[PDB]
Amino acid sequence: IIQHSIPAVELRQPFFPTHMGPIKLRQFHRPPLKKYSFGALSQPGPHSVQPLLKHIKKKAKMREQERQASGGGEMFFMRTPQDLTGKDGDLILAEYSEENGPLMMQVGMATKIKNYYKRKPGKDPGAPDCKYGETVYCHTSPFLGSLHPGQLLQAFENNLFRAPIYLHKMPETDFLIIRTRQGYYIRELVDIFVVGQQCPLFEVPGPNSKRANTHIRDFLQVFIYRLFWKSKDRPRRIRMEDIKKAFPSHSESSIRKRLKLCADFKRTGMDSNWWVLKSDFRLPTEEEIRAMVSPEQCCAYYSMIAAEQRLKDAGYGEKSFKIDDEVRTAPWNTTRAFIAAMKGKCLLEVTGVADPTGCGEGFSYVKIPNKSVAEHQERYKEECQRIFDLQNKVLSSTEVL
Amino acid sequence: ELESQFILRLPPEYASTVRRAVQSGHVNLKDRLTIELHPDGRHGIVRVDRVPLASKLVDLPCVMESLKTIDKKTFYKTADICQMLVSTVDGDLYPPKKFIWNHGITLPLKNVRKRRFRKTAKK
Amino acid sequence: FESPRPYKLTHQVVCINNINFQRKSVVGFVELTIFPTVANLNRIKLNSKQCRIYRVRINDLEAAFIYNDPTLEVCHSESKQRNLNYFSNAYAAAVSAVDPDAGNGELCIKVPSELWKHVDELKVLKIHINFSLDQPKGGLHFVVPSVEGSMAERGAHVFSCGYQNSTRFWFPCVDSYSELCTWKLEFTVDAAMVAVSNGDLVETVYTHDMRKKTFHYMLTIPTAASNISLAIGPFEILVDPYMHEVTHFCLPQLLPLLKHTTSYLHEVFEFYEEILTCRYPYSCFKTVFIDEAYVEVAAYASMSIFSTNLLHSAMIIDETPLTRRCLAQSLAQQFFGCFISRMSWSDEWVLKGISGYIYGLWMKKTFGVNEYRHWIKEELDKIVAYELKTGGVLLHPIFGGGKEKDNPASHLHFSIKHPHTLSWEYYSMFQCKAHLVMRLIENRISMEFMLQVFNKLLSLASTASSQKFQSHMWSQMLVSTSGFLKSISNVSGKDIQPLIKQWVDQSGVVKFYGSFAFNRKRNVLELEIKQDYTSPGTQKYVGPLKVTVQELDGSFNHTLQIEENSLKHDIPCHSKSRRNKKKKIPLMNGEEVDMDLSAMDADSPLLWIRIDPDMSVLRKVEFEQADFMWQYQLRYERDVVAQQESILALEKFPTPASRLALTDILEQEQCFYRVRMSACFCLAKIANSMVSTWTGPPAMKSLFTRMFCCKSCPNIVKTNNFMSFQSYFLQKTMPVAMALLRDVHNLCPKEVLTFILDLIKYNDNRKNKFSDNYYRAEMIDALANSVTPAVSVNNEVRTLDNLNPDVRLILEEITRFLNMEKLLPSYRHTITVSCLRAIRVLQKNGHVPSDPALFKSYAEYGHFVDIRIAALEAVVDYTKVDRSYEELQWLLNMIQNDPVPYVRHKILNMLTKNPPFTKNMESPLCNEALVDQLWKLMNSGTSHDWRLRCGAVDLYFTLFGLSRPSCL
């Protein structure tokens, strides 16, 4: 059970962007350092880099006091955008070995660590203890390869993907710099994880599919409703200009479809007009808006349009998505291959062109049929086990190359 | 707005001094460590105890995520990191492709651009 | 918020000693740790029954002693007001006075003035009581194999069965619920015989080093008294392998059955903490199997103690649900017999609500989401049937405080403050409404929010547990209705207090005359249907809801509802579905593929009516469609609900052969199991309507033809037809409905007769790995459903024809199976049970004469329960139709006199379901002395258990309820 932060569940901006240009899709999850137009750090010259040690201890104390005053147990603290900052709490770094993963979490979303351990035969005294995560004793392997007896394997777990993680040490020269409009902030951090290839659990849609087109419509319907909740006029009213500014790739006629059932157009003698909420229309409550679009559905759409931009940059037009090798590496192709293989509908290519590492250290998510038939599935298990054990050895090794 | 975070790399003696300053938690670190960025957006000067180190903003090849926690089991993602400001003891403090970093920060991710990244086939 | 109950309590210690098997008694001393509340708390009351106290003591001071039993009869034994109403009210007031939830008395030790001045000084005391349970005559059980020489050592066991507040009947305590304490428990046991209670194995070696052992179970986790129970005698099996601490106790020579039985339990704990996001909030979990049950379910703290009928040892397929089904209850109620806890009897319903609903959630994600929905439909079956038999099942917060009644639901008896007034029909339906009202809370509120609520509940409880006893700050584990409701609305405040005052606080079932009209029948008005309802006796008016309609190939149209129910309403209209030879499938529901112009399809753009297919409102919906629409719904629909209700609607009226065709078509696919069983019974009714309209064949023989190829089956299907459990149930069911197929000449199922006899011939060896058992049983019940009432025209009862002819063949087969199961016996004598039902139905047609002495010889002591229980059902119908006074007297004497509780429970239950002596139809003259003995058995001989005299209350409900019995 994954409980995201309240600005994540409330579909808030700029945590969940409404529209991303071609530049933004190339820079998806790689935000470039951009100058401010105003504020302290818009000025030239050196700027102070401030410590956080008093602030970390104070916030951890207060959150513990809020826990003990009602009166213990498990408490949820991620209720505001201010609570999602890196200025407080215990932190990790997570470095993804994949250049462009099939599913990615946004700022504000939640994930777990489960410490998968397979018991030794006979008298197991238990799994070894780790600094992070909850121990899960598993008899069936949640990955493509099987755990060995006595093997502990850490992994990220959420509703998007499954991926093994490997605790390493942050280098002694490297620090975390938090940069805001008001100043530079610094914190010490020692724990960094190397994250392997993802095992996707949520399906990425194809471009202009029916699921993708339903998602854009519903996300537009979510954004319109929250604009009415933001409006303070009685009766509630919004402007077409505010929707078009957030959605420049939509025609006004497609926005006219979503507004005709809930609002009435009142024209005014100016080139700025209002959509007044219908008096007999009950505006849906917050948690009803939450059920319409989940954070996981947005990331599946976000992965598609970013990868679609990368294929257009590589010379592949819309008629290509009998299929080209790079089009097989698209997340709508890899995740549909993996989930059907997870459900027993087919098998995987594993040695093949959709290998994200390019050197034999990862899995190729391309469908092969289930079709001497006990040897066919055993050779699949042998090929899965070999690369899984090889990936475990390389990404956990402290060898200096 | 989204909080910007990036990795700062120092020479080891300066990293040890600033590390002792961070572990000490004294306020005057805001004077002991300053960062100045040039208008080109790629070069800079990192001053440790008024000592200038010539710095270069490079792009990390792997996407990196920084995540917060309270109970060390359920983690909340805070930021995306893809850039590193590298300070050197030599180099032009005011300099008149080379900002592409080729390696991971961690030990197994050495030479990811040349060895561990599948390259895109055009046309 | 707080208890209106003084003298807070912390700790208690038991010490059972000298447990006897010969005079069969128990001695023990208890000690109690009390913080009194106010001074002059002199006449301190505890409560028990059937307990001769040996001495009482507070700190080497034997103080005073008060011991009443008003749980016994009226203060005058000949109070001539021998009707219901006075007795109900008097007994209600009596046992309310027995409850210490007021200034009362059952065990009022008076504090001496010395110790009263100590109360003035210090309100902290200890209580040491010596006492001895006799032969327990309504609190415990000493299961004894009737050997007494040596097998009394190896072969007996000892435990406590009982209802909620039966801890009274075991050892003296409070009103036993809602007193948070902790316990140290000392157990004088045989070195072989292992005793299991709550808590933990805290102190046991070979103990006291003399001849026996002695167990310390300490429950540190703060609980109440009605969770404590001790089963003495079985054998240990840790059935751990996946979760390391799961503990099981069964009688010897029953053990490897657990090795099949017990597992899947790990999966259940996995499921429950996927729900709750905790661990199993204890140390360990303990499970005892026993040959008896006061109640089959029974579930206590860290421990579920229940019957040795639920083993289902690896070959016995039909308890594939039942076993783990009941295991699910014995976990879920466990938690809410653990921690969440009712502040009163009038506060419980949330408990059984969330517990049963949670194992409903289990039944979703374990097997059969369609069987889940089927289970919900059976819940509505039970509830609708009972509250149209009887009045409502209400969930009070409301008292009649101040000697007030406020009870329209006093159609028989009291409910407000008390468990021990109710019927098992009532208590069962209480749990059933509990399930369905939690489904209504789904219907207004997210499942995720339900997870949120329950996690907050158990967080606050487990926080409030396991500490140094926060003084004055500890009763947060009483998580009853009011603050629970508050926490719901804190999670999401919606208009759920209307949900309460509808369903929690107006116990009424709602029928529906949603009258089908047909606009856009090329009508100017467009797609309209009227809303209607009124039907009192037991009615209720629920307005604003919505309506679910399927178009031809189109939208699930949903439409609002209102109160002031003389209503006419519209539909969010379909398109002009025209040229539908071209509009073949414009997307019915996904990629479903169907084409019929067979309906009234000139102007029928409609397919199916529905109100709330997710079964929100407690409903009994009555309306009419075109029969085409019903049959086509039976061609396909995505609801088992819709499928079996069109099964019922087409069981009423029609007979085209197209109905038969679509029925058989429905039977031959992958659709559902029990759908096909009721479809068989559809064919039964409709082919019984084929007397003059025998258009189709002798039905369903073709179904065994076209569906069953062993080795292509040259005209007869025989062998090894298992491992595909669709076919298992289907072969198990179908020949019964074939034995129903009758057309009026002599109803003549002769082909079917001989065919079924041939089915009984061709049974399998051990090639079937599945114990070919229930298949025999229902073939036998098909023979029991070869009901032939009209052979003996004048006198042919009496060995005359050696009565003839096919009846005799049926007799041969059932005689065979009775002696086979006397020799083989396969699994509970289940075959013998179905046989006994068959022999009674043969007496109900006058072929083997109406003589009970067989069934009488199977109601005896040393048989199984199920045999005995079916014999008692049989002899009850015997005394119903035949007018045997003497065996009724015998029956009541055995209601008085037998050791097994559950037979008394079921005698009185189905005696009341199937009565003789029916009210105001009194030919067999109850007025003579039978009212007298029945009034006695209400008063006397029935202080063993509550529910026995609750059943006697049900007896006087049915037999001469609200009046003098027309004696004097």
# chains A, B, ... in the order shown; residues from 1 in each chain; ligands from 1

call {"tool": "interface_residues", "arguments": {"of": "chain A", "to": "chain B", "cutoff": "7 Å", "atoms": "only C-alpha atoms", "output": "ChimeraX atom specification"}}
result
/A:14,29-30,45-51,53,84-86,89-97,99,107-113,132-134,172-180,188,314-316,326,356-359,394-395,397-401

call {"tool": "write_last_selection", "arguments": {"atoms": "C-alpha atoms", "output": "tab-separated table (two decimals), in the first residue's frame"}}
result
chain	number	residue	atom	x	y	z
A	14	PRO	CA	4.71	22.22	-10.76
A	29	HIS	CA	13.94	14.32	-15.24
A	30	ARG	CA	17.16	16.21	-16.10
A	45	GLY	CA	28.84	37.59	-7.13
A	46	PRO	CA	29.33	34.96	-4.43
A	47	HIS	CA	26.38	33.76	-2.35
A	48	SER	CA	26.34	32.23	1.13
A	49	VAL	CA	25.95	28.45	1.49
A	50	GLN	CA	24.17	27.86	4.78
A	51	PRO	CA	24.25	24.86	7.17
A	53	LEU	CA	22.18	20.87	11.19
A	84	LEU	CA	8.58	17.65	0.68
A	85	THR	CA	11.76	19.73	0.84
A	86	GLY	CA	15.24	18.23	1.13
A	89	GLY	CA	14.66	14.49	7.46
A	90	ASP	CA	16.94	11.61	6.55
A	91	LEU	CA	17.83	11.46	2.84
A	92	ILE	CA	19.34	9.11	0.26
A	93	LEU	CA	20.55	9.52	-3.29
A	94	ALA	CA	19.37	7.02	-5.91
A	95	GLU	CA	21.31	6.77	-9.18
A	96	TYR	CA	19.41	4.97	-11.94
A	97	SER	CA	21.61	2.77	-14.13
A	99	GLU	CA	19.45	6.32	-18.98
A	107	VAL	CA	8.77	14.88	-7.13
A	108	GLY	CA	6.44	14.03	-4.26
A	109	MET	CA	5.65	10.38	-5.01
A	110	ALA	CA	6.33	7.51	-2.61
A	111	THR	CA	8.23	4.23	-2.82
A	112	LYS	CA	9.22	1.43	-0.46
A	113	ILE	CA	12.27	-0.74	0.09
A	132	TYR	CA	16.93	0.84	5.27
A	133	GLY	CA	13.87	-1.15	4.28
A	134	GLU	CA	11.59	-3.87	5.64
A	172	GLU	CA	34.24	11.92	0.24
A	173	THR	CA	34.42	14.82	-2.25
A	174	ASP	CA	30.70	14.92	-3.08
A	175	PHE	CA	28.05	16.96	-1.25
A	176	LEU	CA	24.37	17.73	-1.76
A	177	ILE	CA	23.63	21.36	-2.66
A	178	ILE	CA	20.06	22.59	-2.28
A	179	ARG	CA	19.50	25.71	-4.38
A	180	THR	CA	16.48	28.00	-4.01
A	188	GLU	CA	26.13	15.85	4.27
A	314	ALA	CA	16.09	9.93	-34.12
A	315	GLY	CA	14.30	10.29	-37.48
A	316	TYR	CA	11.39	7.91	-36.77
A	326	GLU	CA	14.88	1.17	-31.67
A	356	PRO	CA	19.38	-1.14	-22.25
A	357	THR	CA	23.01	-1.75	-21.23
A	358	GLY	CA	24.13	-2.79	-24.73
A	359	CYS	CA	26.83	-5.15	-23.39
A	394	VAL	CA	28.73	-6.06	-11.38
A	395	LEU	CA	26.52	-3.37	-9.81
A	397	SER	CA	31.14	-4.66	-6.85
A	398	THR	CA	33.40	-2.02	-5.31
A	399	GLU	CA	36.10	-2.59	-7.96
A	400	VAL	CA	37.84	0.59	-9.14
A	401	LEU	CA	37.92	0.74	-12.94

call {"tool": "interface_residues", "arguments": {"of": "chain A", "to": "chain C", "cutoff": "12 Å", "atoms": "only C-alpha atoms", "output": "ChimeraX atom specification"}}
result
/A:1-3,67-76,118-119,121-126,136-139,285-288,290-291

call {"tool": "write_last_selection", "arguments": {"atoms": "N, CA and C atoms", "output": "compact mmCIF listing (two decimals), in the first residue's frame"}}
result
# COMPACT_ATOMS: atom_id res chain seq x y z
N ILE A 1 0.84 -1.19 0.00
CA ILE A 1 0.00 0.00 0.00
C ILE A 1 0.88 1.25 0.00
N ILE A 2 0.83 1.99 -1.10
CA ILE A 2 1.65 3.19 -1.27
C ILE A 2 0.79 4.41 -1.02
N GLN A 3 1.23 5.26 -0.09
CA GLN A 3 0.55 6.51 0.22
C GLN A 3 1.47 7.65 -0.20
N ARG A 67 4.16 13.01 16.82
CA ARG A 67 3.86 11.58 16.89
C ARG A 67 3.45 11.18 18.30
N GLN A 68 4.20 11.65 19.31
CA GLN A 68 3.95 11.24 20.68
C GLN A 68 2.74 11.94 21.30
N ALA A 69 2.28 13.04 20.72
CA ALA A 69 1.13 13.76 21.27
C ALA A 69 -0.20 13.23 20.76
N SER A 70 -0.20 12.25 19.85
CA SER A 70 -1.46 11.66 19.43
C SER A 70 -1.58 10.14 19.19
N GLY A 71 -0.92 9.21 19.90
CA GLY A 71 0.03 9.33 21.00
C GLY A 71 1.20 8.40 20.76
N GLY A 72 1.44 8.10 19.50
CA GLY A 72 2.45 7.13 19.13
C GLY A 72 2.05 6.41 17.86
N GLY A 73 2.92 5.49 17.45
CA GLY A 73 2.63 4.65 16.30
C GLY A 73 3.13 5.20 14.99
N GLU A 74 2.31 5.09 13.94
CA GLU A 74 2.67 5.54 12.61
C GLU A 74 1.90 6.80 12.26
N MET A 75 2.62 7.83 11.83
CA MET A 75 2.05 9.12 11.51
C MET A 75 2.48 9.54 10.11
N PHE A 76 1.58 10.21 9.40
CA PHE A 76 1.81 10.68 8.04
C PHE A 76 2.15 12.16 8.09
N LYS A 118 15.92 -15.06 0.90
CA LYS A 118 15.54 -16.47 0.79
C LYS A 118 16.21 -17.22 1.93
N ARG A 119 15.41 -18.00 2.67
CA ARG A 119 15.90 -18.67 3.86
C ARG A 119 16.88 -19.79 3.52
N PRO A 121 18.49 -23.51 4.10
CA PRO A 121 17.82 -24.77 4.44
C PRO A 121 18.15 -25.22 5.86
N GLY A 122 17.13 -25.74 6.53
CA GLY A 122 17.27 -26.22 7.91
C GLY A 122 16.97 -25.12 8.93
N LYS A 123 17.98 -24.74 9.70
CA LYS A 123 17.82 -23.80 10.81
C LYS A 123 18.37 -22.43 10.41
N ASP A 124 17.48 -21.61 9.84
CA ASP A 124 17.84 -20.24 9.50
C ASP A 124 17.70 -19.35 10.73
N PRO A 125 18.76 -18.64 11.15
CA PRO A 125 18.61 -17.67 12.24
C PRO A 125 17.96 -16.36 11.82
N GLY A 126 17.69 -16.17 10.53
CA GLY A 126 17.02 -14.98 10.05
C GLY A 126 17.89 -14.19 9.08
N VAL A 136 11.43 -8.87 3.81
CA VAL A 136 10.39 -9.72 3.25
C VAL A 136 11.00 -11.09 2.96
N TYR A 137 10.48 -12.12 3.62
CA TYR A 137 10.89 -13.49 3.37
C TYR A 137 10.05 -14.04 2.22
N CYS A 138 10.70 -14.43 1.13
CA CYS A 138 10.01 -14.86 -0.08
C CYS A 138 10.46 -16.26 -0.46
N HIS A 139 9.49 -17.11 -0.81
CA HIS A 139 9.78 -18.43 -1.35
C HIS A 139 9.78 -18.43 -2.87
N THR A 285 -16.08 16.68 -5.15
CA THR A 285 -15.22 16.89 -4.00
C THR A 285 -13.79 16.43 -4.29
N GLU A 286 -12.90 16.72 -3.34
CA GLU A 286 -11.45 16.52 -3.51
C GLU A 286 -11.09 15.06 -3.76
N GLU A 287 -11.56 14.15 -2.90
CA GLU A 287 -11.22 12.74 -3.04
C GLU A 287 -11.91 12.10 -4.24
N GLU A 288 -13.02 12.68 -4.71
CA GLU A 288 -13.61 12.23 -5.97
C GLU A 288 -12.75 12.63 -7.16
N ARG A 290 -9.53 12.91 -6.84
CA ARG A 290 -8.39 12.02 -6.65
C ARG A 290 -8.60 10.66 -7.32
N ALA A 291 -9.82 10.14 -7.29
CA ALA A 291 -10.11 8.85 -7.91
C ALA A 291 -10.13 8.92 -9.44

call {"tool": "select_by_dssp", "arguments": {"residues": "chain B", "states": "helix (DSSP H, G or I)", "output": "PyMOL selection string"}}
result
chain B and resi 12-24+29-32+112-116

call {"tool": "residues_around", "arguments": {"residues": "residue 408 of chain C", "least_positions_apart": "3", "cutoff": "9 Å", "atoms": "only C-alpha atoms", "output": "compact mmCIF listing (two decimals) with C-alpha atoms, in the first residue's frame"}}
result
# COMPACT_ATOMS: atom_id res chain seq x y z
CA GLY C 391 -39.59 -8.00 12.20
CA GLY C 392 -36.42 -6.07 11.74
CA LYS C 405 -39.57 0.07 25.80
CA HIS C 411 -42.17 -8.77 17.62

call {"tool": "residues_around", "arguments": {"residues": "residue 362 of chain A", "least_positions_apart": "2", "cutoff": "9 Å", "atoms": "only C-alpha atoms", "output": "PyMOL selection string"}}
result
chain A and resi 196-197+350-351+354-360+364+387-388+390-391

call {"tool": "residues_around", "arguments": {"residues": "segment 423-435 of chain C", "least_positions_apart": "3", "cutoff": "8 Å", "atoms": "only C-alpha atoms", "output": "ChimeraX atom specification"}}
result
/C:349-350,352-354,356-357,360,379,382-383,386,393-394,438-439,909,947,950-951,954

call {"tool": "atom_distance", "arguments": {"atom1": "atom CA of residue 880 of chain C", "atom2": "atom CA of residue 916 of chain C"}}
result
4.1 Å

call {"tool": "atom_distance", "arguments": {"atom1": "atom CA of residue 689 of chain C", "atom2": "atom CA of residue 517 of chain C"}}
result
29.2 Å

call {"tool": "residues_around", "arguments": {"residues": "segment 21-27 of chain C", "least_positions_apart": "6", "cutoff": "12 Å", "atoms": "only C-alpha atoms", "output": "PyMOL selection string"}}
result
chain C and resi 14-15+50-55+129-137+139-159+170-171+187-190+232-233

call {"tool": "write_last_selection", "arguments": {"atoms": "N, CA and C atoms", "output": "compact mmCIF listing (two decimals), in the first residue's frame"}}
result
# COMPACT_ATOMS: atom_id res chain seq x y z
N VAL C 14 -5.61 -17.07 37.45
CA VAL C 14 -6.34 -18.30 37.69
C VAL C 14 -5.35 -19.36 38.13
N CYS C 15 -5.86 -20.39 38.81
CA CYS C 15 -5.07 -21.59 39.11
C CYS C 15 -6.03 -22.77 39.18
N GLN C 50 -23.29 -21.58 38.56
CA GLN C 50 -22.91 -22.97 38.83
C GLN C 50 -21.55 -23.05 39.52
N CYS C 51 -21.33 -22.14 40.47
CA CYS C 51 -20.05 -22.03 41.17
C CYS C 51 -20.30 -22.05 42.67
N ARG C 52 -20.03 -23.18 43.32
CA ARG C 52 -19.98 -23.15 44.77
C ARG C 52 -18.65 -22.56 45.21
N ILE C 53 -18.70 -21.39 45.82
CA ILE C 53 -17.50 -20.76 46.34
C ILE C 53 -17.06 -21.52 47.58
N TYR C 54 -15.76 -21.72 47.73
CA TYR C 54 -15.32 -22.30 48.99
C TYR C 54 -15.03 -21.24 50.04
N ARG C 55 -14.20 -20.26 49.73
CA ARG C 55 -14.10 -19.12 50.62
C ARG C 55 -13.78 -17.89 49.80
N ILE C 129 -10.01 -15.83 46.17
CA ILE C 129 -11.24 -16.59 46.31
C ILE C 129 -10.95 -18.05 46.01
N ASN C 130 -11.24 -18.91 46.97
CA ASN C 130 -11.29 -20.33 46.73
C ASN C 130 -12.69 -20.70 46.29
N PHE C 131 -12.78 -21.58 45.30
CA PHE C 131 -14.06 -21.98 44.73
C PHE C 131 -13.85 -23.26 43.93
N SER C 132 -14.96 -23.91 43.62
CA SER C 132 -14.89 -25.20 42.97
C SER C 132 -16.04 -25.32 41.99
N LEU C 133 -15.70 -25.48 40.72
CA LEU C 133 -16.67 -25.92 39.74
C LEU C 133 -17.01 -27.38 40.00
N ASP C 134 -18.30 -27.69 39.98
CA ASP C 134 -18.83 -29.04 40.14
C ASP C 134 -18.69 -29.80 38.84
N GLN C 135 -19.48 -30.84 38.65
CA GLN C 135 -19.75 -31.23 37.28
C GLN C 135 -20.35 -30.03 36.57
N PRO C 136 -19.70 -29.51 35.53
CA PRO C 136 -20.17 -28.28 34.90
C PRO C 136 -21.41 -28.57 34.07
N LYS C 137 -22.46 -27.84 34.36
CA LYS C 137 -23.75 -28.20 33.81
C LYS C 137 -24.21 -27.05 32.95
N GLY C 139 -21.34 -24.77 31.62
CA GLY C 139 -20.23 -23.89 31.37
C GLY C 139 -19.08 -24.52 30.61
N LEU C 140 -18.83 -25.80 30.84
CA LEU C 140 -17.62 -26.39 30.29
C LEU C 140 -17.93 -27.66 29.54
N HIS C 141 -16.89 -28.40 29.18
CA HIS C 141 -17.08 -29.72 28.61
C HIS C 141 -15.97 -30.64 29.04
N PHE C 142 -16.38 -31.85 29.39
CA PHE C 142 -15.51 -32.98 29.68
C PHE C 142 -15.87 -34.03 28.65
N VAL C 143 -15.26 -33.95 27.47
CA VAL C 143 -15.52 -34.95 26.46
C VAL C 143 -14.84 -36.25 26.87
N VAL C 144 -15.65 -37.28 27.10
CA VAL C 144 -15.19 -38.54 27.66
C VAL C 144 -15.61 -39.68 26.74
N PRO C 145 -14.67 -40.45 26.19
CA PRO C 145 -15.05 -41.70 25.54
C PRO C 145 -15.51 -42.69 26.58
N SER C 146 -16.64 -43.34 26.30
CA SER C 146 -17.34 -44.15 27.29
C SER C 146 -16.60 -45.47 27.51
N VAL C 147 -15.42 -45.36 28.13
CA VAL C 147 -14.58 -46.50 28.44
C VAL C 147 -14.22 -46.54 29.92
N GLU C 148 -13.71 -45.42 30.44
CA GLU C 148 -13.51 -45.09 31.86
C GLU C 148 -12.44 -45.92 32.57
N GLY C 149 -11.87 -46.92 31.91
CA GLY C 149 -10.82 -47.68 32.55
C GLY C 149 -9.43 -47.19 32.21
N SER C 150 -9.13 -47.13 30.94
CA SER C 150 -7.81 -46.74 30.47
C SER C 150 -7.89 -45.67 29.40
N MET C 151 -8.89 -45.75 28.53
CA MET C 151 -9.07 -44.76 27.49
C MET C 151 -9.62 -43.45 28.02
N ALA C 152 -10.04 -43.41 29.28
CA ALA C 152 -10.28 -42.15 29.96
C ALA C 152 -8.99 -41.36 30.15
N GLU C 153 -7.85 -42.02 30.12
CA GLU C 153 -6.58 -41.32 30.15
C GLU C 153 -6.24 -40.81 28.76
N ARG C 154 -6.07 -41.73 27.83
CA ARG C 154 -5.79 -41.41 26.44
C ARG C 154 -7.09 -41.53 25.68
N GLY C 155 -7.70 -40.39 25.36
CA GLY C 155 -8.91 -40.42 24.57
C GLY C 155 -9.91 -39.37 24.95
N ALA C 156 -9.73 -38.77 26.11
CA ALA C 156 -10.63 -37.73 26.57
C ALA C 156 -10.01 -36.37 26.34
N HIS C 157 -10.86 -35.35 26.35
CA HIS C 157 -10.33 -34.01 26.43
C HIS C 157 -11.31 -33.14 27.19
N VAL C 158 -10.86 -31.94 27.53
CA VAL C 158 -11.58 -31.04 28.43
C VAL C 158 -11.37 -29.62 27.95
N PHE C 159 -12.45 -28.86 27.84
CA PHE C 159 -12.35 -27.49 27.35
C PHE C 159 -13.54 -26.69 27.82
N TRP C 170 -17.91 -20.12 33.74
CA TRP C 170 -16.67 -20.80 34.02
C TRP C 170 -15.98 -20.31 35.28
N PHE C 171 -15.73 -19.00 35.43
CA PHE C 171 -15.13 -18.56 36.69
C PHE C 171 -15.51 -17.11 36.94
N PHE C 187 -2.09 -23.78 35.55
CA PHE C 187 -2.83 -24.88 34.94
C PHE C 187 -2.30 -26.21 35.46
N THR C 188 -3.10 -26.91 36.26
CA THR C 188 -2.70 -28.22 36.79
C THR C 188 -3.08 -29.27 35.76
N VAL C 189 -2.10 -29.75 35.00
CA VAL C 189 -2.36 -30.60 33.86
C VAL C 189 -1.68 -31.94 34.05
N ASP C 190 -2.15 -32.93 33.31
CA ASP C 190 -1.37 -34.14 33.14
C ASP C 190 -0.12 -33.81 32.34
N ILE C 232 -7.81 -29.04 27.08
CA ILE C 232 -6.87 -29.88 27.81
C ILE C 232 -6.91 -31.29 27.24
N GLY C 233 -5.75 -31.87 26.95
CA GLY C 233 -5.72 -33.18 26.33
C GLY C 233 -5.13 -33.44 24.94

call {"tool": "atom_distance", "arguments": {"atom1": "atom CA of residue 67 of chain C", "atom2": "atom CA of residue 946 of chain C"}}
result
19.8 Å

call {"tool": "closest_residue", "arguments": {"among": "A:309, A:135, A:392, A:37", "to": "residue 148 of chain A", "atoms": "only C-alpha atoms"}}
result
A:392

call {"tool": "residues_around", "arguments": {"residues": "residue 332 of chain C", "least_positions_apart": "4", "cutoff": "8 Å", "atoms": "only C-alpha atoms", "output": "ChimeraX atom specification"}}
result
/C:328,336,355-356,358-359
